[PDB]
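Structure file work22.txt (compact mmCIF, C-alpha atoms and all ligand atoms) follows.
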# COMPACT_ATOMS: atom_id res chain seq x y z
CA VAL E 1 0.00 0.00 0.00
CA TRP E 2 1.01 3.60 -0.52
CA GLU E 3 -0.61 6.83 0.62
CA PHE E 4 -0.34 10.43 -0.49
CA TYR E 5 -1.37 13.12 1.91
CA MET E 6 -0.11 16.67 1.82
CA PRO E 7 -2.98 19.05 2.69
CA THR E 8 -1.10 22.31 3.06
CA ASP E 9 -2.20 25.07 0.67
CA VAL E 10 1.13 26.37 -0.69
CA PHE E 11 1.66 29.77 -2.24
CA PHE E 12 4.95 30.75 -3.90
CA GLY E 13 6.17 34.03 -5.36
CA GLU E 14 7.62 37.46 -4.88
CA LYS E 15 5.31 39.52 -2.67
CA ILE E 16 3.27 36.43 -1.84
CA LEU E 17 2.03 37.79 1.49
CA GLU E 18 0.55 40.77 -0.37
CA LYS E 19 -0.88 38.65 -3.15
CA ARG E 20 -2.23 35.61 -1.32
CA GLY E 21 -1.76 36.21 2.39
CA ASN E 22 -5.25 37.59 3.10
CA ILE E 23 -6.52 34.00 3.18
CA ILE E 24 -5.28 33.86 6.77
CA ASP E 25 -8.36 35.85 7.72
CA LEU E 26 -10.22 32.54 7.54
CA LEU E 27 -8.31 31.40 10.63
CA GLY E 28 -9.38 34.06 13.11
CA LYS E 29 -8.69 37.47 14.63
CA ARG E 30 -5.65 36.95 16.89
CA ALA E 31 -2.30 35.28 16.09
CA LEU E 32 0.97 34.37 17.79
CA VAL E 33 4.04 34.91 15.63
CA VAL E 34 7.13 32.89 16.50
CA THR E 35 10.47 33.79 14.96
CA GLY E 36 14.20 33.93 15.56
CA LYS E 37 16.05 36.81 17.18
CA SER E 38 17.32 38.75 14.16
CA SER E 39 17.09 37.46 10.60
CA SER E 40 13.40 38.16 9.95
CA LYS E 41 14.02 41.82 10.78
CA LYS E 42 16.69 42.10 8.05
CA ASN E 43 15.09 40.41 5.02
CA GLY E 44 11.74 42.25 5.03
CA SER E 45 9.74 39.24 6.16
CA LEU E 46 8.66 40.37 9.61
CA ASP E 47 7.70 43.77 8.18
CA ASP E 48 5.63 42.13 5.40
CA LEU E 49 3.94 39.92 8.00
CA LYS E 50 3.11 42.89 10.22
CA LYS E 51 1.67 44.64 7.13
CA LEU E 52 -0.48 41.59 6.39
CA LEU E 53 -1.76 41.27 9.96
CA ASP E 54 -2.60 44.97 10.01
CA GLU E 55 -4.39 44.69 6.62
CA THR E 56 -6.47 41.72 7.79
CA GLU E 57 -7.07 43.38 11.19
CA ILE E 58 -5.65 40.43 13.08
CA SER E 59 -4.06 41.36 16.44
CA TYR E 60 -0.84 39.64 17.37
CA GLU E 61 2.08 39.07 19.66
CA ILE E 62 5.64 38.35 18.52
CA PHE E 63 7.88 35.84 20.22
CA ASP E 64 11.24 36.59 18.61
CA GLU E 65 13.26 34.36 20.89
CA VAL E 66 13.36 31.05 19.10
CA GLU E 67 16.86 29.55 19.25
CA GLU E 68 18.48 27.34 16.64
CA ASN E 69 17.66 23.67 17.33
CA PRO E 70 15.03 24.73 19.86
CA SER E 71 15.01 22.93 23.17
CA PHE E 72 12.08 21.65 25.26
CA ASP E 73 12.93 24.57 27.61
CA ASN E 74 12.79 27.18 24.82
CA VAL E 75 9.27 25.81 23.95
CA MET E 76 8.27 25.92 27.63
CA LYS E 77 9.48 29.55 27.83
CA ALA E 78 6.93 30.49 25.16
CA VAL E 79 4.01 28.25 26.19
CA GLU E 80 4.17 29.61 29.76
CA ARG E 81 4.31 33.20 28.42
CA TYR E 82 1.24 32.59 26.07
CA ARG E 83 -1.23 29.91 27.43
CA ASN E 84 -3.05 32.66 29.31
CA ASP E 85 -3.96 34.44 26.06
CA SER E 86 -6.43 33.44 23.33
CA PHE E 87 -4.77 32.95 19.98
CA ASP E 88 -6.72 31.59 17.03
CA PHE E 89 -3.62 30.54 15.09
CA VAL E 90 0.18 30.50 15.13
CA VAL E 91 2.56 31.80 12.47
CA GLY E 92 6.07 30.43 12.16
CA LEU E 93 8.43 32.85 10.44
CA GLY E 94 12.00 31.90 9.61
CA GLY E 95 13.87 28.67 9.13
CA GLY E 96 13.08 25.25 10.43
CA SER E 97 13.71 26.21 14.03
CA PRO E 98 10.86 28.75 14.35
CA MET E 99 8.69 26.80 11.95
CA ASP E 100 8.98 23.66 14.05
CA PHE E 101 8.55 25.73 17.23
CA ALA E 102 5.26 27.07 15.82
CA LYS E 103 3.88 23.55 15.40
CA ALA E 104 4.76 22.54 18.94
CA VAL E 105 3.27 25.70 20.45
CA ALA E 106 0.09 25.37 18.35
CA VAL E 107 -0.58 22.01 20.00
CA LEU E 108 0.40 23.08 23.53
CA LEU E 109 -1.62 26.33 23.53
CA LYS E 110 -4.75 24.30 22.69
CA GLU E 111 -3.99 21.23 24.86
CA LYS E 112 -3.24 23.11 28.10
CA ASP E 113 -2.57 20.02 30.23
CA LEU E 114 0.05 18.53 27.89
CA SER E 115 3.80 18.67 28.49
CA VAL E 116 6.39 18.93 25.73
CA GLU E 117 7.23 15.24 26.19
CA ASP E 118 3.55 14.42 25.53
CA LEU E 119 3.96 15.72 21.97
CA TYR E 120 5.86 12.48 21.27
CA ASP E 121 2.80 10.35 22.15
CA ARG E 122 0.54 10.49 19.04
CA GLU E 123 -2.54 9.47 21.09
CA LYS E 124 -2.19 12.61 23.25
CA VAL E 125 -2.07 15.06 20.30
CA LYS E 126 -5.78 15.31 19.44
CA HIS E 127 -6.31 19.06 18.92
CA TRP E 128 -4.31 22.11 17.89
CA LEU E 129 -4.45 25.66 16.70
CA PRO E 130 -3.96 26.05 12.95
CA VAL E 131 -0.46 26.87 11.82
CA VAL E 132 0.77 29.13 9.03
CA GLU E 133 4.39 28.81 7.94
CA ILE E 134 6.54 31.47 6.23
CA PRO E 135 9.95 29.97 5.44
CA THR E 136 13.11 31.99 4.99
CA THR E 137 15.68 29.26 4.23
CA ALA E 138 16.03 26.87 1.32
CA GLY E 139 15.60 24.84 3.32
CA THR E 140 13.98 22.36 5.68
CA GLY E 141 10.64 22.10 3.95
CA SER E 142 8.98 22.40 7.36
CA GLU E 143 6.28 24.52 5.76
CA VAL E 144 4.85 21.36 4.12
CA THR E 145 5.51 18.69 6.77
CA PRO E 146 3.84 17.78 10.06
CA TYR E 147 7.19 17.28 11.82
CA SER E 148 8.77 19.26 14.66
CA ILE E 149 12.36 18.57 15.79
CA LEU E 150 13.16 19.65 19.35
CA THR E 151 16.18 19.09 21.61
CA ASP E 152 15.25 17.25 24.77
CA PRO E 153 16.80 18.05 28.18
CA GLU E 154 19.35 15.20 27.76
CA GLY E 155 20.62 16.97 24.62
CA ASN E 156 19.07 14.68 22.01
CA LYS E 157 17.33 16.04 18.94
CA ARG E 158 14.04 14.18 18.63
CA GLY E 159 11.26 14.53 16.06
CA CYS E 160 7.51 14.34 16.66
CA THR E 161 4.63 14.20 14.17
CA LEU E 162 2.07 16.94 14.81
CA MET E 163 -0.09 18.65 12.15
CA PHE E 164 0.42 19.94 8.66
CA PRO E 165 0.36 23.71 8.31
CA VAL E 166 -2.87 25.00 6.81
CA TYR E 167 -1.05 27.59 4.64
CA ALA E 168 2.55 27.98 3.51
CA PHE E 169 3.80 31.25 2.03
CA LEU E 170 7.09 31.17 0.12
CA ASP E 171 8.67 34.47 -0.95
CA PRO E 172 12.08 33.75 -2.47
CA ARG E 173 13.24 37.28 -1.75
CA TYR E 174 13.54 36.34 1.92
CA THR E 175 16.27 33.86 1.12
CA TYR E 176 18.51 36.37 -0.63
CA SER E 177 19.94 37.41 2.77
CA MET E 178 21.32 33.97 3.56
CA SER E 179 25.05 33.81 3.88
CA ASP E 180 26.91 31.51 1.51
CA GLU E 181 27.50 29.15 4.42
CA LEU E 182 23.81 29.00 5.39
CA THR E 183 22.82 28.61 1.75
CA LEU E 184 25.09 25.57 1.56
CA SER E 185 23.84 23.94 4.71
CA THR E 186 20.16 24.52 4.07
CA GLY E 187 20.55 23.47 0.47
CA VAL E 188 22.16 20.22 1.52
CA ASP E 189 19.28 19.66 3.95
CA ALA E 190 16.89 19.96 1.00
CA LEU E 191 19.15 17.65 -0.99
CA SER E 192 19.12 15.11 1.83
CA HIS E 193 15.35 15.22 2.10
CA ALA E 194 14.95 14.50 -1.59
CA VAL E 195 17.55 11.75 -1.63
CA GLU E 196 16.46 10.10 1.61
CA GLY E 197 12.84 10.20 0.51
CA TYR E 198 13.65 8.63 -2.84
CA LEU E 199 15.77 5.89 -1.21
CA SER E 200 13.44 5.22 1.73
CA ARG E 201 11.55 1.99 2.18
CA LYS E 202 8.42 4.21 2.36
CA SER E 203 9.01 5.67 -1.11
CA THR E 204 5.87 6.15 -3.18
CA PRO E 205 5.23 7.13 -6.79
CA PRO E 206 4.19 10.74 -6.14
CA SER E 207 7.01 11.29 -3.67
CA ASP E 208 9.50 9.76 -6.09
CA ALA E 209 8.32 12.15 -8.81
CA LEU E 210 8.79 15.13 -6.53
CA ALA E 211 12.14 13.87 -5.27
CA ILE E 212 13.60 13.34 -8.73
CA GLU E 213 12.67 16.87 -9.73
CA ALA E 214 14.04 18.32 -6.52
CA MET E 215 17.34 16.46 -6.99
CA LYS E 216 17.72 17.68 -10.53
CA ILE E 217 16.99 21.27 -9.51
CA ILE E 218 19.48 21.08 -6.65
CA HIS E 219 22.27 19.61 -8.71
CA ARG E 220 21.79 22.37 -11.29
CA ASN E 221 21.36 25.30 -8.92
CA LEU E 222 23.03 24.75 -5.56
CA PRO E 223 26.56 25.88 -6.57
CA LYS E 224 25.24 29.09 -8.12
CA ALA E 225 22.88 29.70 -5.21
CA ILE E 226 25.76 29.52 -2.74
CA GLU E 227 27.53 32.21 -4.75
CA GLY E 228 24.49 34.48 -4.48
CA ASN E 229 22.78 34.01 -7.85
CA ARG E 230 19.20 35.06 -7.28
CA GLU E 231 17.58 32.88 -9.92
CA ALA E 232 19.38 29.87 -8.50
CA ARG E 233 18.22 30.78 -5.01
CA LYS E 234 14.63 30.98 -6.23
CA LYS E 235 15.02 27.50 -7.70
CA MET E 236 16.52 26.15 -4.49
CA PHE E 237 13.57 27.46 -2.53
CA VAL E 238 11.27 25.59 -4.88
CA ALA E 239 13.34 22.45 -4.43
CA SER E 240 13.29 22.71 -0.66
CA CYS E 241 9.52 22.86 -0.75
CA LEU E 242 9.28 19.86 -3.09
CA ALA E 243 11.65 17.96 -0.84
CA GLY E 244 9.51 18.77 2.16
CA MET E 245 6.51 17.36 0.36
CA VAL E 246 8.58 14.23 -0.25
CA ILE E 247 9.50 13.61 3.37
CA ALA E 248 5.94 14.37 4.40
CA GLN E 249 5.17 11.12 2.60
CA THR E 250 8.23 9.05 3.43
CA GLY E 251 9.92 10.30 6.55
CA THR E 252 13.71 10.33 6.62
CA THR E 253 16.36 7.67 7.02
CA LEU E 254 19.28 6.84 9.19
CA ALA E 255 21.34 9.66 7.63
CA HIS E 256 19.18 12.24 9.39
CA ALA E 257 19.35 10.40 12.69
CA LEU E 258 23.13 10.04 12.51
CA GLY E 259 23.58 13.76 11.91
CA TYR E 260 21.77 14.74 15.10
CA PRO E 261 24.70 14.46 17.56
CA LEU E 262 26.99 16.30 15.12
CA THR E 263 24.60 19.23 15.44
CA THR E 264 24.08 19.08 19.21
CA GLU E 265 27.63 18.18 20.22
CA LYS E 266 29.92 19.42 17.46
CA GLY E 267 28.20 22.60 16.32
CA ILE E 268 27.58 21.40 12.78
CA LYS E 269 24.44 22.82 11.18
CA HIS E 270 21.75 20.19 10.56
CA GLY E 271 21.94 20.06 6.80
CA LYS E 272 25.69 19.84 6.69
CA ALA E 273 25.62 17.11 9.37
CA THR E 274 23.15 14.96 7.45
CA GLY E 275 24.93 15.59 4.18
CA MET E 276 28.27 14.51 5.47
CA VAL E 277 27.04 11.08 6.49
CA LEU E 278 24.50 10.57 3.67
CA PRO E 279 26.84 9.16 0.98
CA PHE E 280 28.18 6.61 3.44
CA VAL E 281 24.70 5.53 4.53
CA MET E 282 23.96 5.10 0.78
CA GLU E 283 26.85 2.66 0.46
CA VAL E 284 25.02 0.37 2.87
CA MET E 285 21.65 0.98 1.21
CA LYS E 286 23.17 -0.36 -2.05
CA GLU E 287 22.92 -3.86 -0.55
CA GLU E 288 19.16 -3.64 -1.08
CA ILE E 289 18.50 -0.89 -3.67
CA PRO E 290 21.64 -0.50 -5.81
CA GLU E 291 19.67 0.70 -8.85
CA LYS E 292 18.11 3.58 -6.93
CA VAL E 293 21.43 4.50 -5.40
CA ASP E 294 22.92 4.50 -8.91
CA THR E 295 20.15 6.84 -10.05
CA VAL E 296 20.91 9.32 -7.27
CA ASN E 297 24.62 9.29 -8.08
CA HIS E 298 23.84 9.80 -11.75
CA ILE E 299 21.62 12.82 -11.09
CA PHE E 300 24.40 14.43 -9.11
CA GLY E 301 26.92 14.20 -11.94
CA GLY E 302 28.20 10.73 -11.26
CA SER E 303 28.81 10.89 -7.54
CA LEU E 304 26.84 12.60 -4.79
CA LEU E 305 29.93 12.28 -2.56
CA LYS E 306 32.08 14.17 -5.06
CA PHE E 307 29.38 16.81 -5.57
CA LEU E 308 29.33 17.46 -1.82
CA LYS E 309 33.11 17.44 -1.50
CA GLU E 310 33.33 19.98 -4.31
CA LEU E 311 31.02 22.29 -2.41
CA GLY E 312 33.43 22.15 0.52
CA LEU E 313 30.96 20.34 2.75
CA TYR E 314 33.57 18.27 4.58
CA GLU E 315 35.55 19.64 7.50
CA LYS E 316 37.68 18.09 10.19
CA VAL E 317 35.63 17.04 13.18
CA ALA E 318 37.37 16.00 16.37
CA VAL E 319 35.88 12.80 17.74
CA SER E 320 36.90 10.81 20.79
CA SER E 321 36.38 7.06 21.06
CA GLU E 322 33.84 7.76 23.85
CA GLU E 323 31.88 10.13 21.62
CA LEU E 324 31.95 7.74 18.69
CA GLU E 325 30.73 4.79 20.76
CA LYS E 326 27.92 6.91 22.25
CA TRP E 327 26.77 7.97 18.79
CA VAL E 328 27.01 4.44 17.43
CA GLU E 329 24.85 3.14 20.29
CA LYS E 330 22.22 5.83 19.72
CA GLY E 331 22.27 5.29 15.96
CA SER E 332 21.70 1.55 16.38
CA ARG E 333 18.33 2.34 18.12
CA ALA E 334 17.14 4.98 15.65
CA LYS E 335 13.49 4.59 14.63
CA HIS E 336 14.73 5.60 11.17
CA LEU E 337 16.43 2.20 10.72
CA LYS E 338 13.15 0.50 9.90
CA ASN E 339 12.79 2.96 6.94
CA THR E 340 16.39 2.62 5.66
CA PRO E 341 17.35 -0.04 3.12
CA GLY E 342 20.33 -2.16 4.06
CA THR E 343 21.51 -3.81 7.25
CA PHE E 344 23.13 -1.47 9.80
CA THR E 345 25.18 -3.14 12.44
CA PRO E 346 27.05 -1.07 15.03
CA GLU E 347 30.21 -1.58 12.93
CA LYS E 348 28.62 -0.20 9.78
CA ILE E 349 27.46 2.86 11.75
CA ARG E 350 30.92 3.26 13.32
CA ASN E 351 32.41 3.16 9.84
CA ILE E 352 29.96 5.70 8.49
CA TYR E 353 31.07 8.19 11.13
CA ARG E 354 34.78 7.41 10.69
CA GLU E 355 34.60 7.93 6.93
CA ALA E 356 32.39 11.01 7.06
CA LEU E 357 34.39 12.81 9.73
CA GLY E 358 37.93 11.76 8.83
CA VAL E 359 38.50 9.61 11.94
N1 LIG G 1 10.30 19.94 10.46
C1 LIG G 1 11.05 19.23 9.64
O1 LIG G 1 10.40 18.43 8.71
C2 LIG G 1 12.54 19.36 9.71
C3 LIG G 1 13.34 18.78 8.72
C4 LIG G 1 14.71 19.06 8.70
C5 LIG G 1 15.26 19.85 9.70
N2 LIG G 1 14.47 20.44 10.65
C6 LIG G 1 15.02 21.31 11.72
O2 LIG G 1 15.12 22.67 11.31
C7 LIG G 1 16.14 23.32 12.03
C8 LIG G 1 17.10 23.97 11.05
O3 LIG G 1 16.40 24.94 10.29
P1 LIG G 1 17.19 25.86 9.26
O4 LIG G 1 18.32 25.12 8.68
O5 LIG G 1 16.24 26.53 8.36
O6 LIG G 1 17.88 26.98 10.18
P2 LIG G 1 17.39 27.66 11.57
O7 LIG G 1 17.87 26.77 12.68
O8 LIG G 1 15.95 28.02 11.59
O9 LIG G 1 18.26 29.01 11.47
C9 LIG G 1 19.66 28.97 11.23
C10 LIG G 1 20.20 30.39 11.22
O10 LIG G 1 19.78 31.04 10.01
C11 LIG G 1 19.35 32.35 10.32
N3 LIG G 1 18.43 32.69 9.22
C12 LIG G 1 17.20 32.15 8.96
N4 LIG G 1 16.74 32.69 7.81
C13 LIG G 1 17.69 33.54 7.33
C14 LIG G 1 17.72 34.37 6.20
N5 LIG G 1 16.80 34.33 5.21
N6 LIG G 1 18.84 35.16 6.04
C15 LIG G 1 19.87 35.18 6.94
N7 LIG G 1 19.85 34.35 8.03
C16 LIG G 1 18.75 33.57 8.23
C17 LIG G 1 18.76 32.29 11.70
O11 LIG G 1 18.78 33.59 12.25
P3 LIG G 1 17.66 34.02 13.31
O12 LIG G 1 17.66 33.05 14.43
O13 LIG G 1 18.13 35.42 13.72
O14 LIG G 1 16.31 34.04 12.57
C18 LIG G 1 19.70 31.28 12.36
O15 LIG G 1 20.82 31.92 12.92
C19 LIG G 1 16.83 22.25 12.89
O16 LIG G 1 16.37 22.28 14.23
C20 LIG G 1 16.43 20.98 12.19
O17 LIG G 1 16.47 19.79 12.98
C21 LIG G 1 13.12 20.21 10.64
FE FE G 2 16.48 17.82 7.56
Translate this structure into structure tokens?
Ligand SMILES: NC(=O)c1ccc[n+]([C@@H]2O[C@H](COP(=O)([O-])OP(=O)(O)OC[C@H]3O[C@@H](n4cnc5c(N)ncnc54)[C@H](OP(=O)(O)O)[C@@H]3O)[C@@H](O)[C@H]2O)c1
Ligand SMILES: [Fe+3]
Amino acid sequence: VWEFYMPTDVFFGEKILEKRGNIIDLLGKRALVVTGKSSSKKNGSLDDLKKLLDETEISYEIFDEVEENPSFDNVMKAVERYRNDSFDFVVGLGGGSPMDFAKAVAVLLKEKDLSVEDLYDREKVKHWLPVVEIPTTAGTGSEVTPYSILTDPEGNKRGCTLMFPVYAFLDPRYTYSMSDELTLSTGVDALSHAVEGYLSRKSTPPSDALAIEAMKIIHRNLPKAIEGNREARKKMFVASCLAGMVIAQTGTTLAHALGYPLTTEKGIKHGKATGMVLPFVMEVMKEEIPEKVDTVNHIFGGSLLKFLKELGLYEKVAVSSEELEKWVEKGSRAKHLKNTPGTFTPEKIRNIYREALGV
């Protein structure tokens, strides 16, 4: 059996909040905006959102304190500040961190007796405020997925499945402010979503169609996007959205799980972390799906590994034996394993990290 479900109404273009944003008036009269500390003030996005809320006569509060890789505590800081209000909907503005934060808060503001940990029990998540997502990186695709990735108190990034956003608004102009480094990392996150979705045991025909297009766009446009080419950035933002729609159908694979400690413990941005390990996870997946792995390598010019190396993705990462064994143990228990072709023993995982990180 396969299923397709992706109910978000997605709007893409320059000045999209002006041109299509008034539809949010269907959601109510009061909104909570969640965003990061600075970037949305410098790319016009927060100003455009304030213009839209004023136009639609929707009152609002702004929580501009979402941290990268938001923790359970960061979510608690907001939910405590805002459960005594009466919001009709939540708007996430920024990258995956505030977009994921918006999904968690939209559940917790409605379900007032739930804890953050309860978000990980599907049975407990019955109701929620509607969510609108306005992405500014290219990207996580969070605007078209039901997932929220939070860092638990023990320091482990952990994903939960909540709701799809009702509306997603993509204005490529917002991504023009990304640094070259952020463009690389977010672009490789999009790449990883497309590749992992295509290679996943949960692959479907519609998600494969979207993934193949996203891969082709990314191969063609990521180098130029990193250098600041605006047309290429617009195309990357499209591809990140397609790749989100893919993983909304498939979920991700072990590559995503293995990147998590690199982000939390070694300071490596999520997309770069996943990308570094991805080619080495694919070498194991070839035991089961060599033809699909060959297709991915072909799309990326012959070798996804070489494509990534050429973009300067790899960097020296210091790793102790204690760290490596901890990550191997965690990786061996990843829920993602069931979705990943191939057989992943602790040794294969150990080797993936050693090869990816130069240790
Ligand atoms: N939900 C999902 O399906 C899913 C999938 C993959 C990954 N993720 C998660 O998403 C998070 C990563 O999201 P992300 O890679 O988009 O980055 P992010 O963590 O949201 O932000 C990274 C940095 O980029 C800045 N920034 C954002 N937009 C910018 C812009 N247009 N121009 C200049 N700087 C900008 C932010 O600044 P400010 O803080 O000042 O705004 C921040 O310092 C991780 O927690 C990851 O696990 C979620
Ligand atoms: Fe990701």
Task: Test item: residues at most 10 Å from residue E:5, only C-alpha atoms, excluding those fewer than 3 positions along its chain, as number ranges by chain - done: E: 8, 164, 245, 248-249
Residues of chain E that have any atom at most 8 Å from an atom of ligand LIG 1 (chain G): could you tabulate them with the shortest-distance atom pair and the distance in Å to one decimal, using all atoms listed in the file, ordered by chain and increasing number, as a Markdown table?
| residue | atom | partner | partner_atom | distance |
| --- | --- | --- | --- | --- |
| E:35 | CA | G:LIG1 | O14 | 6.3 |
| E:36 | CA | G:LIG1 | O14 | 3.7 |
| E:37 | CA | G:LIG1 | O13 | 4.3 |
| E:38 | CA | G:LIG1 | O13 | 3.5 |
| E:39 | CA | G:LIG1 | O13 | 3.9 |
| E:40 | CA | G:LIG1 | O14 | 5.7 |
| E:42 | CA | G:LIG1 | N6 | 7.5 |
| E:43 | CA | G:LIG1 | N5 | 6.3 |
| E:65 | CA | G:LIG1 | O12 | 7.9 |
| E:66 | CA | G:LIG1 | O12 | 6.7 |
| E:67 | CA | G:LIG1 | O12 | 6.0 |
| E:68 | CA | G:LIG1 | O7 | 4.0 |
| E:69 | CA | G:LIG1 | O16 | 3.6 |
| E:70 | CA | G:LIG1 | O16 | 6.3 |
| E:94 | CA | G:LIG1 | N4 | 5.1 |
| E:95 | CA | G:LIG1 | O5 | 3.3 |
| E:96 | CA | G:LIG1 | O3 | 3.3 |
| E:97 | CA | G:LIG1 | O8 | 3.8 |
| E:98 | CA | G:LIG1 | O8 | 5.8 |
| E:99 | CA | G:LIG1 | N1 | 7.2 |
| E:100 | CA | G:LIG1 | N1 | 5.3 |
| E:135 | CA | G:LIG1 | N4 | 7.7 |
| E:136 | CA | G:LIG1 | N5 | 4.4 |
| E:137 | CA | G:LIG1 | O5 | 5.0 |
| E:138 | CA | G:LIG1 | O5 | 7.1 |
| E:139 | CA | G:LIG1 | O5 | 5.4 |
| E:140 | CA | G:LIG1 | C4 | 4.5 |
| E:141 | CA | G:LIG1 | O1 | 6.0 |
| E:142 | CA | G:LIG1 | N1 | 4.2 |
| E:143 | CA | G:LIG1 | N1 | 7.7 |
| E:144 | CA | G:LIG1 | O1 | 7.8 |
| E:145 | CA | G:LIG1 | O1 | 5.3 |
| E:146 | CA | G:LIG1 | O1 | 6.7 |
| E:147 | CA | G:LIG1 | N1 | 4.3 |
| E:148 | CA | G:LIG1 | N1 | 4.5 |
| E:149 | CA | G:LIG1 | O17 | 5.1 |
| E:150 | CA | G:LIG1 | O16 | 6.6 |
| E:157 | CA | G:LIG1 | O17 | 7.1 |
| E:159 | CA | G:LIG1 | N1 | 7.8 |
| E:174 | CA | G:LIG1 | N5 | 5.0 |
| E:175 | CA | G:LIG1 | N5 | 4.2 |
| E:176 | CA | G:LIG1 | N5 | 6.4 |
| E:177 | CA | G:LIG1 | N6 | 4.1 |
| E:178 | CA | G:LIG1 | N6 | 3.7 |
| E:179 | CA | G:LIG1 | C15 | 6.2 |
| E:182 | CA | G:LIG1 | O10 | 6.5 |
| E:185 | CA | G:LIG1 | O4 | 6.9 |
| E:186 | CA | G:LIG1 | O4 | 5.0 |
| E:189 | CA | G:LIG1 | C4 | 6.6 |
| E:193 | CA | G:LIG1 | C4 | 7.7 |
| E:244 | CA | G:LIG1 | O1 | 6.6 |
| E:247 | CA | G:LIG1 | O1 | 7.2 |
| E:248 | CA | G:LIG1 | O1 | 7.4 |
| E:260 | CA | G:LIG1 | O17 | 7.6 |
| E:269 | CA | G:LIG1 | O4 | 7.0 |
| E:270 | CA | G:LIG1 | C20 | 5.6 |
| E:271 | CA | G:LIG1 | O4 | 6.5 |
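Checking E:255, E:166, E:91, E:215 one by one against residue E:339, counting all atoms listed in the file, you find the shortest gap at E:255.
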Task: From E:45, E:303, E:252, E:264, residue lying nearest residue E:133 [all atoms listed in the file] - done: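 Looking only at the distances to residue E:133, the closest residue turns out to be E:45.
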Open item on the list: For residue E:111, find every residue with an atom within 10 Å (counting all atoms listed in the file), except residues of its own chain fewer than 3 positions away, and show them as a ChimeraX atom specification.
Closed with: /E:83,105-108,114-115,124-129
TODO: Select, from E:194, E:23, E:217, E:334, the residue with the minimum atom-to-atom distance to ligand FE 2 (chain G), counting all atoms listed in the file.
DONE: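 Residue with the minimum atom-to-atom distance to ligand FE 2 (chain G): E:194.
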Open item on the list: Can you tell me which residues surround residue E:291 at a distance of at most 12 Å, considering all atoms listed in the file, apart from same-chain residues fewer than 6 positions away, and format the answer as number ranges by chain?
Closed with: E: 198-199, 282-283, 285, 297-298
Task: Nearest-residue call for residue E:299, choices E:218, E:16, E:284, E:254, using only C-alpha atoms - done: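 Ranked by minimum distance to residue E:299, first place goes to E:218.
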Task: Selected residue, from E:286, E:309, E:50, E:224, that lies nearest to residue E:183 when counting all atoms listed in the file - done: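 Nearest candidate to residue E:183 out of E:286, E:309, E:50, E:224: E:224.
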- [ ] Can you work out which one of E:340, E:204, E:22, E:71 has the shortest atom-to-atom distance to residue E:49, counting all atoms listed in the file?
- [x] E:22
- [ ] For atom CA of residue E:21 and atom CA of residue E:58, quote the distance in Å rounded to one decimal.
- [x]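 A separation of 12.1 Å between them.
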- [ ] One decimal, Å: what's the distance from atom CA of residue E:318 over to atom CA of residue E:227, could you say?
- [x] 28.4 Å
Counting all atoms listed in the file, what is within 12 Å of residue E:323, bar same-chain residues fewer than 4 positions away, as a JSON list (two decimals) with C-alpha atoms, in the frame of the given file?
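Listed below is the output, result.json:
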[["chain", "number", "residue", "atom", "x", "y", "z"],
["E", 261, "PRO", "CA", 24.70, 14.46, 17.56],
["E", 262, "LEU", "CA", 26.99, 16.30, 15.12],
["E", 265, "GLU", "CA", 27.63, 18.18, 20.22],
["E", 266, "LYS", "CA", 29.92, 19.42, 17.46],
["E", 317, "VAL", "CA", 35.63, 17.04, 13.18],
["E", 318, "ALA", "CA", 37.37, 16.00, 16.37],
["E", 319, "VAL", "CA", 35.88, 12.80, 17.74],
["E", 327, "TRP", "CA", 26.77, 7.97, 18.79],
["E", 328, "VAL", "CA", 27.01, 4.44, 17.43],
["E", 329, "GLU", "CA", 24.85, 3.14, 20.29],
["E", 330, "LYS", "CA", 22.22, 5.83, 19.72],
["E", 350, "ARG", "CA", 30.92, 3.26, 13.32],
["E", 353, "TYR", "CA", 31.07, 8.19, 11.13],
["E", 354, "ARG", "CA", 34.78, 7.41, 10.69],
["E", 359, "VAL", "CA", 38.50, 9.61, 11.94]]
Show me, as an mmCIF file with C-alpha atoms, keeping the file's coordinate frame, the residues that have an atom within 9 Å of residue E:195 when counting all atoms listed in the file, minus same-chain residues fewer than 3 positions from it.
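This went into selection.cif:
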data_model
loop_
_atom_site.group_PDB
_atom_site.id
_atom_site.type_symbol
_atom_site.label_atom_id
_atom_site.label_comp_id
_atom_site.auth_asym_id
_atom_site.auth_seq_id
_atom_site.Cartn_x
_atom_site.Cartn_y
_atom_site.Cartn_z
ATOM 1 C CA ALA E 190 16.890 19.960 1.000
ATOM 2 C CA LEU E 191 19.150 17.650 -0.990
ATOM 3 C CA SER E 192 19.120 15.110 1.830
ATOM 4 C CA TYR E 198 13.650 8.630 -2.840
ATOM 5 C CA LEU E 199 15.770 5.890 -1.210
ATOM 6 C CA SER E 200 13.440 5.220 1.730
ATOM 7 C CA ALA E 211 12.140 13.870 -5.270
ATOM 8 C CA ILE E 212 13.600 13.340 -8.730
ATOM 9 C CA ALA E 214 14.040 18.320 -6.520
ATOM 10 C CA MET E 215 17.340 16.460 -6.990
ATOM 11 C CA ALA E 243 11.650 17.960 -0.840
ATOM 12 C CA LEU E 278 24.500 10.570 3.670
ATOM 13 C CA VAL E 296 20.910 9.320 -7.270
#
- [ ] Would you mind reading off the distance between atom CA of residue E:210 and atom CA of residue E:90, one decimal, in Å?
- [x] 27.9 Å
